[PDB]
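# Coordinate inspection notes
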Amino acid sequence: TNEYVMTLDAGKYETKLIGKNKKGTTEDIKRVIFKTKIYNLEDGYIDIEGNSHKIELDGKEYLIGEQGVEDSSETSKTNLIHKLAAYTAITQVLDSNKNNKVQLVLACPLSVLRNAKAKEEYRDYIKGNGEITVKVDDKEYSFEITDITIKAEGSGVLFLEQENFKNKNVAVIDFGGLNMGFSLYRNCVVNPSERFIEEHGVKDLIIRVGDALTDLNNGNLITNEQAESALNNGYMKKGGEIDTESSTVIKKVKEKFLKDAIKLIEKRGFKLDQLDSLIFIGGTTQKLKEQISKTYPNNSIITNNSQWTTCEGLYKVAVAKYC
Amino acid sequence: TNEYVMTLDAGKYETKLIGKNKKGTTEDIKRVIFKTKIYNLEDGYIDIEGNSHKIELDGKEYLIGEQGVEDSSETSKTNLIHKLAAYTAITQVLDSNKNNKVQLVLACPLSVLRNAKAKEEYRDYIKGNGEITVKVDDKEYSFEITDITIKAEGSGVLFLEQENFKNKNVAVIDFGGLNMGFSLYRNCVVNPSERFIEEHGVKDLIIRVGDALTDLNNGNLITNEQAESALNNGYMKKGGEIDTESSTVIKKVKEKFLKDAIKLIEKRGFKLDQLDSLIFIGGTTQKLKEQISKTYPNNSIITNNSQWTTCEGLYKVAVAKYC
Amino acid sequence: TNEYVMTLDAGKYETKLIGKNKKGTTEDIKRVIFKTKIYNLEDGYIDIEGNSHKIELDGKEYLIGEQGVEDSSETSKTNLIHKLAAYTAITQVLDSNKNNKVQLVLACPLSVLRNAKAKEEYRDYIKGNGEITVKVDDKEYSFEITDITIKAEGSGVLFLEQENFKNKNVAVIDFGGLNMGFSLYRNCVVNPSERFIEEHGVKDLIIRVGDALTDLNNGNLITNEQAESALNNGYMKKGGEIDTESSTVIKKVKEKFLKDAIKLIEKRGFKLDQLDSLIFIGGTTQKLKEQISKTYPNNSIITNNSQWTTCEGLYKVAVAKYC
Amino acid sequence: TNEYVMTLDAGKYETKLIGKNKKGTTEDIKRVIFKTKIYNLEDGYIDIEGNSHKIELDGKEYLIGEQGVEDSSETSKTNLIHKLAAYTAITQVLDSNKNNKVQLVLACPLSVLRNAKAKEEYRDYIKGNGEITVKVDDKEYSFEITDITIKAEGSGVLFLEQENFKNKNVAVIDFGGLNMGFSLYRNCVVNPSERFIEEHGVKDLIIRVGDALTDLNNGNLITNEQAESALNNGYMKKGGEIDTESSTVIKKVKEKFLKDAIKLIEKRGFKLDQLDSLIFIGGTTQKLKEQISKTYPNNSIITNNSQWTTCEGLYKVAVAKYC
Amino acid sequence: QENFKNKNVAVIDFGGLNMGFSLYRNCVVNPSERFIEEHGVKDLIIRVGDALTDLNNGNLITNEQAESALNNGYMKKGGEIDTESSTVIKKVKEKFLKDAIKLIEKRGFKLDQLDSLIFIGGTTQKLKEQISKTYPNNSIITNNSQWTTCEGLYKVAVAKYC
């Protein structure tokens, strides 16, 4: 048979997707990573070219990949929102040939991975054939799904990393936008008693640094020169030896963030020596990985393009499903 | 089908209109922008050629586009005034072919966008077929409306600008004749708590500069040479190095106006860094855009022909409605 | 006839009500002021005595006045929520005699005061007879409404104050929890061009002072002694001459808040001398009235129990309606 | 009607139950609290009197309430185990009269409270009539269920406490045997981003103190006099001023446990001042409540008989369901 | 702020008319690994404007602010119907970046043997973002690139002053 593996990650505010066919043609990651937003092309507006595509689902020309450079309907949502997003994500990066037979590997929140949702209703959404168009003047693809494989999101990350693992203790430290989530596994099974969430994220980090409700994003006020009123854009790039603004602040905020994270680890997880590895993932990983590595030697690990960690993990299980 | 998109903006003292058919033939903006005044051609007066047209509505030959070069009835009004203006605005720039099928995109004050008005009665005015003539000796057009789309006026401006937007914070700073209005949006939704009006406009600006109740318009007294007793006509064009009249005054008045506007922003809106963009629109935009850009870097943005900002925004939603 | 006047104010998070019958018996203000929350007494829970009453509406024993000392259904809401709240507010403080004939005076947001809502649908809710019980083992009241009178919320405040007014310029400066709203009136008519909102409130104030996301409420951490980690509870009450925490902070935050408010006034409203009076209302009034009075002499005015300002204003129009 | 309220809590290793009928007759708590174990009386063994009862379900005489003083089948389990436990828990403390009509209030893990389980299958188990016997030579009860009400376990605790609550931020700090779980609520809704688990419990506490794998339970070696080789039985009761064993150890272990818990709170939850109350529950509450109260003033609260906290919370919703 | 005595660094200067790459190894310029490309920002905005005139952020004054960009204004047309760049910008810049990095790998060598590539010139602010995504942990930019040289010269002049 001619079957492909599609790996999808319907996360926070972005959807990540990867196929060997798309990866083979496009260099980006790429695959693809697009904001979890969807629009529709109505006559009450003027369509525009992407990075955005038009898809045929139901009646309606759905729009996905653009940010709203091509429509104003992106802000609008339906009940149906997620179901449309799934169809458009499957559509994108799906070119055989006309008939595209696949296996789908994806993940869902650990708390739902067994219930009626993200276990029966999610599988039902994924588990069916469908005809999807690509271009308004093209390109029809007939998609058949030969199998589906869903695991806990944190498992995609663990799988992507090259660690052995059958009888080890590992944790996934995910620095998200709004939260920092720690999921611990022992002998390939999640340990709920040793997992936890801290209700502070990168947004809180940059906020606490900016020392202002606004004014944080790498440009908080546009009427300030590039670099002024950072934070997310730009590090310690003020070559004025007289300035006293962070760098100093950054190391201060991050110092407390790291001390809180590791302190919780030792309370819940246990002796940092009993842990085989702690995978550092999330949007904030690149920001904190360095300091953590100096906090504790030979425990923390990071993967390149942390954003595609889950998908690369899911892809491996989907290859097994394909066999 | 053969359907067109008409975009209308029934604003302060001017009505702006745009159609692809009219834009294709006339170079002006143009489209059209005409004062929100209407007249009628009665036998008690002598009709004259425009830039003004005659329209057949009810019984009565309505007159629109002229300024009163062709009639004295322009000053006169009816209760009915606005309803006639709508019909004449639809009539203008409406040539298929005889049968003109359209979709109408327009806006209304944010405060009415959901009520019984500018949501039910306005839609009812727009939502119908009608036969309109163009010339007294011509030109009949049969107009059918296939749909209507109304949004908050500030939304037309946001849409016209090329910004992404689904999860950003933007404000529209509209320097009107009598008021300066700030409308803030977060994740494509207006935030009333972060919007406000200042009861001073361009008229107040030029007034405060002229330092006289009269005497302001670019010619306040006709018996003064062109440039004397400005303000609206002419900038710092007095090449007499001895003169001490503004330029100095202009920068002084504008200095206080900008300081007041930005001060209110920081009080209500928040840290200027938390704002992704502030679109500068209104008759006064061209006057203040320069100084604002120097006040704060990388935040303020302006579009060319600010007068057609709303209409170009509405046109995009109407293309979507047309689909 | 035996008719009474009921004055109601369905505001932000609290509902204020006043009747001459209730005021005559209870000393509180009192009248009443209760959070805009409603519950229901279901068999899946154990009812408890108030300050809370049970009301019969539809089928269901609605609950109002308690904070959730008597039920857990307070958090729950219906679509229907507001309509039930209206019935319970009318019920409370409504004792003739069995047959209670009234006139209802209330207000609504200025932006809706003329539309299909807060002008037709709100009047329809208020404008009807109804049988309401008071106690589960009592007390039936038959309520007839002989008239209804709705005005803009800011008008209730203006009316309550003792100022003359027919040909004057007045503004209402309302320091709310989340926003600070300024409504200007000239010759008894609201002037939209000279009214505005600042998207910062008392919550922002106390926040900015506390210098922490939590930790603000007069007790941010319960494990701190009364007075530590204020702010809302307690002023400058640290008699330790060594401490450097606010008072200093308070005057600093408030200094900027007042400078921003007055600066916006002078920009939008105009010369502070052209204003006859500025009524200072809202939860924050008591906090800022002192400093404002020193900012500008002979302009600012405050009324006692600012929370009942609107209702005392509405009551006066309802007496006129009663006649 | 003659309906009663049964409140059940099928927790960790114990099942708690409360009825007004049982509470009225027995003084214990009591209600009842029995280990989540079940046995059966087979001819291959000799039955014995309790604190244990015999119940008729299926065919089989189930046994519940004893610890295994009356049988050796307690260790044995079925697939069916939980379903039998539910029937025996309903049976116990269920005496009208012969016909017992009730409403059942219970809770389930927050992570399942909406799924196919602890939302549909659990409700199905609870939601039916059944005939249960009490004694082998008696006592038949016909049980009808008129309604069922399930909430998140942490909600039972919040409800039991006397706090208001509709617009507050509260957390439940549950010191369990194996884990310490923190559930945060804001405006009566759980906030997952601000909830977390630490994989250490009381067992870890006493373990870390005992400084031995065995040897901990209040008697680790029976051949040691009462008090020697504590910990769970007995505090600082060694009146030998020469001894250097804990008390010193206790305060040391608990010092680190409290520092870790509060440190995680400030990281995830936020400023301890933004929290209205933190309810301290679980088997460990009595152990740590004192030190926490000194750690932070005016925030921590405890209820008497923490073991019945959930049930007393569920009972209140069941009274509402009964109405 | 880089150390430098025994490293390989290049300066990628996006000028108005040219884009100049100067490579240093152990604090000495390597002529064999330096080069110029005869296209600048003017060529960039030109190629985007798709017109000889008409480019500067206002090419025709009789067009409303934003129309007939480019240098003034980015993707600020909030009309979802418009099909003019943003799309063009990413297209032109896509080719410009591919050409620059391709020349680097030909002349300079393996991008991994480079310790840092400082991105300077009027165009730096325009391309720094895309380059950073092209290759991780190599490109660096300084604030106010226009004063980069002077702040560098000032440091040697302090040494001369001593």
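Residues numbered from 1 in each chain as written, not as in the entry; some residues may be left out. Chains lettered and ligands numbered in written order. Part of a larger assembly, values for the part shown. Heavy atoms only, no water.

- What the deposited record gives as its method is cryo-EM, and the resolution it gives is 19.70 Å.

## Some points on the overall build of chain E
- The helix and strand inventory of chain E stands at 4 helices and 6 strands.
- Starting at the N terminus and ending at the C terminus, chain E contains elements arranged as β-β-β-β-α-α-β-α-β-α.
- With respect to the three principal axes, the spread of C-alpha positions in chain E is 55 × 40 × 25 Å.
- Within the span of chain E, comprising 162 residues, buried residues form 40% of the whole. (Helix = DSSP H or I, 4+ residues; strand = E, 2+ residues; numbered from the N terminus. Buried < 20%, exposed > 50% of the residue type's maximum accessible area, 1.4 Å probe, protein only.)

## Digging into the sheet that holds strand β4 (residues 39-40) of chain C
Residue and element names in this part refer to chain C.
- Sheet architecture is open: 3 strands sit in the order β4-β7-β6, paired in antiparallel fashion. Lying at the two open borders of the sheet, with one neighbouring strand each, are β4 and β6 (53-56).
- Pairing analysis gives 4 bridges linking β6 to strand β7 (residues 61-64), with the strands arranged antiparallel. Across the sheet, the residue bridging to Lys 54 is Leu 63, located in β7.
- Here helix α2 (residues 81-91) sits on the sheet and contacts β6 and β7; the angle it forms with β7, its principal contact strand, is near 75°. (Pairing = 2+ DSSP bridges. Contact = heavy atoms within 4.5 Å. Axes fitted to C-alpha atoms, helices over the stretch in contact; angles between N-to-C directions.)

## A word on the UniProt feature "domain: Actin-like protein N-terminal" (unreviewed entry) in chain A
- Here the UniProt-annotated "domain: Actin-like protein N-terminal" (unreviewed entry) positions come out as residues 8-156 of chain A.
- Within the segment residues 8-156 of chain A, helix and strand shares are 18% and 34% respectively, and the terminal C-alpha atoms sit 10 Å apart. (UniProt positions renumbered as here; feature names shortened; annotations may be inferred.)

## Considerations on the sheet that holds strand β2 (residues 14-19) of chain D
Residue and element names in this part refer to chain D.
- As summarised here, the arrangement of the 6 strands in space is β3-β2-β1-β7-β9-β8, forming an open sheet in which the pairing is mixed. The open sheet has two edge strands with one neighbour each: β3 (32-35) and β8 (130-132). Between one strand axis and the next, the sheet turns by 30° as a mean value, whatever way the strands run.
- When strand β7 (residues 99-108) meets strand β9 (residues 141-152), the two strands line up parallel, connected through 9 bridges. What sits directly across from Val 102, in β9, is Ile 145.
- Sheet strands touched by helix α4 (residues 153-160): β7 and β9. Its angle to β9, the strand with the most contacts, is close to 90°.
- In the packing of helix α8 (residues 309-322) onto the sheet, contacts are made with β1 (3-10), β2, β7 and β9, and the angle to β1 comes to roughly 150°.

## With respect to the arrangement of the chains
- Chain C shows no contact with chain E. Their nearest C-alpha atoms sit 25 Å apart.
- Chain E makes no contact with chain D, the minimum C-alpha separation between the two being 30 Å.

## Regarding the nonpolar core
- Counting residues in hydrophobic clusters, the biggest one holds 64 residues, and the most contacted among them are A:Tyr45, B:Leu104 and B:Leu158.
- Core analysis: the next-biggest nonpolar cluster, separate from the first, contains 59 residues, D:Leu17, D:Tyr122, D:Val170 and D:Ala318 among them. (Core = buried A, V, L, I, M, F, W, Y, C linked by side-chain atoms within 4.5 Å.)

## Describing the pattern of salt bridges
Residues and elements named next belong to chain C.
- With the rule as written, the count across this model stands at 40 salt bridges over all chains.
- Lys 259 is the salt-bridge partner of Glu 255, the closest N and O atoms lying 3.5 Å from each other. With a gap of 4 residues between them, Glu 255 and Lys 259 both fall in helix α6 (residues 248-268), about one helical turn apart.
- Judged by relative accessible area, which is 34%, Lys 259 ranks as partly exposed. (Salt bridge = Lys/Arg side-chain N within 4 Å of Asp/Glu carboxyl O.)

## Focus: a negative patch on the surface
- The grouping of A:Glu120, A:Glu121, A:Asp124, D:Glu120, D:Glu121 and D:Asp124 at the surface amounts to a negative patch.
- Locating A:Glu121 in the fold gives a position in helix α3 (residues 121-126).
- What makes A:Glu121 partly exposed here is its relative accessible area of 40%. (Patch = residues over 30% accessible without salt bridge, like charges linked within 9 Å, V, L, I, M, F, W, Y side chains within 5 Å. Areas by Shrake-Rupley, 256 points an atom, 1.4 Å probe, with all protein chains shown as cover. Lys, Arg positive; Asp, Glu negative; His and termini not counted. Charge placed at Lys NZ, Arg CZ, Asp CG, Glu CD.)

## Some points on α4(D)
All names here are of chain D.
- Burial analysis of α4 places 7 of its 8 residues in the buried class, which makes it a mostly covered element.
- Restricting attention to buried positions, one finds in α4 the residues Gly 154, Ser 155, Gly 156, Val 157, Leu 158, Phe 159 and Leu 160.
- Tucked into the core, α4 has its buried residues touching β9, β10 (169-175), β11 (180-186), β14 (277-281) and α8.

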